[PDB]
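Alright, two takes on the same chain below, each alone as structure tokens: structure 1 and structure 2.
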Structure 1
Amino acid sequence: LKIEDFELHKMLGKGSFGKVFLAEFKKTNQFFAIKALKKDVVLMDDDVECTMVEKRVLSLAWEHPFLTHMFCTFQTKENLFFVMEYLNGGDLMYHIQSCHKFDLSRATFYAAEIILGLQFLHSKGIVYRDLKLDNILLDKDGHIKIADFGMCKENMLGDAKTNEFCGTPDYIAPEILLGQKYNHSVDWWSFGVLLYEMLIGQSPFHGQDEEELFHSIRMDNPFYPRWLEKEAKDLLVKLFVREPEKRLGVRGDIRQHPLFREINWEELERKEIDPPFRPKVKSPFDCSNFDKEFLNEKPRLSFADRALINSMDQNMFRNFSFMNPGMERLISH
């Protein structure tokens, strides 16, 4: 399989994560989102291990209804490709910029579906570490899909901990900022930050530079407006406990919190509770719910630093190729 077998119609986004294209396989009317990376960029950014972690985690994640599904991965001399399911609902950052903040029932629904996704990852010994609004995609019906697993730590079951400094600044837990060894607790602090931003429409911690922001994360009390529902406030107070072992998600049973009192968790996992927000989606190949800056730009793969790629060790991305049983059936035919 090669990229020439796909027709790259539009570019949905670019950035540090690479380039994401709306791709159609041949002329089968079967659409996909292809994340296309350049090997030389990956090497200079020191994202070799991060790329392999993303492949491995997406190999676990095809079961779970609220993690992004990967159909196949493959590589050329210059390129690394992930062929994903195309989720044209739009990400939560895109939707929250428009409406400023989410209503209580919508934020609760998203919070509940994210809990199922995170608890699945944690059960497999995976700590996610990069939970944020623009890493949560919506599908055509409005169910959440957690995305971007390159920042994960695997093999975290049992009495296991890790210590490396990573994540997005607004969402970084204080235990990471203080240089402590940590476990899945870091995801639940980030979850609280995400939930706060959905409900309140701004971040709970602030600063003019990173130093003030990290001080705020370590020291400052989150602000709860008078209009905020009390059970929403309670959950956030139980999530913003700086002692990791006393934080909800690590301690207690987060599903039994009164915020999710109307939520049947078995029904939610089976996709049987209707999302309070259904995105506008005309077709399976619609591009309405994406920033228009990228869409208008012509889809293309960059050139590569030939001196770097020729001098590179080829076996860095060994065992990168993957393919589920569905893709083999829709290739040979």
Structure 2
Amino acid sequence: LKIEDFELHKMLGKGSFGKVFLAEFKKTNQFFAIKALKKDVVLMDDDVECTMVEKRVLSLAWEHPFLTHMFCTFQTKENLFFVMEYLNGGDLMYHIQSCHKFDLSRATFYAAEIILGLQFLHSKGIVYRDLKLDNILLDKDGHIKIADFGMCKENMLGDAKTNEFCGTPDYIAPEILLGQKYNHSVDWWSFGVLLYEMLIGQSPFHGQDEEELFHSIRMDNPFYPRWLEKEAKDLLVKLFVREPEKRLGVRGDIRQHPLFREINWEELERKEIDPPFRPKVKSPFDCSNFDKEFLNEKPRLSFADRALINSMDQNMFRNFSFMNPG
């Protein structure tokens, strides 16, 4: 379409995902989140293939309820734009800061929806690789939304393996740290780290610097507090198996774990289960549920290196455009 069809109200955030704005369709008064990338910055960072994978993965996302939905993708001479579902309900990291840890039934419900979201991605041959509490958003009813598909690997059906060193320090799998070829097993390790943090309110591994933390991930036994529910410990013990082919999620059937005894997986995937908690949100402009760091910055697209833009190959971002049905 055209970015002029939108009024950019706020910068929600800025970072490894580029820039994301609170945007209103002029015109209809519907609010969206818009991820904006500079094409010259993408080429400098050597991230052209990254951008295309993210767009292709986001193209599939409307098929599942627990992934952030993308409505459309379009480009300018300088810019790439992704028009997304707007979620101001807050991320799980932000929410956990207030309460320290989630109660067992709340953590169990988030774990179960994340399982459904991850298993959907793996069935499409996608390894997600960036699972973390910051990437889990709440919709207005309190169901989860997995966000940020910028680290995904795309052709991972059956026996397929990859090699890249990708992740966030606390959540990175030991097989990545040992330089091994890996599959979706790494997502189930990160899932364990995320579950552990929800239940306990600390990371399972520790170190004063990245190096000591990597050693902890490879060597240490996570601490399980005396009060922790038996089945919750048992699930964690089964995900924190360092041999990938023996980890729950890769082997066995994680849905059948006694922790999820009371989960009807069919009803959950249809959103027929009452969320344990619902964010309080007065309007699209209510920013009570997320980090306010960038909200007073002018909601502007910054200047590009005109020289690089007018000289670069223009067809690197072809097949970028996409329209979600209706």
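Residue positions are counted from 1 along structure 1's sequence. By rigid core we mean the largest C-alpha set that fits within 1.5 Å across both forms.
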Post core alignment: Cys287 C-alpha displaced by 2 Å or more between structures 1 and 2: yes
Taking the rigid core as the reference frame, is the Cα of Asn296 displaced by 2 Å or more between structures 1 and 2? yes
Is_shifted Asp45 between structures 1 and 2 (CA, 2 Å cut-off, rigid core): yes
Between structures 1 and 2, how far the Cα of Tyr182 shifts once the core is aligned, in Å: 0.5
Keeping the rigid core superposed, can you check how far the CA atom of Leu308 moves between structures 1 and 2, in angstrom? 2.8
How many Å does the Cα of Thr76 travel between structures 1 and 2 when the structures are matched on their rigid core? 1.2
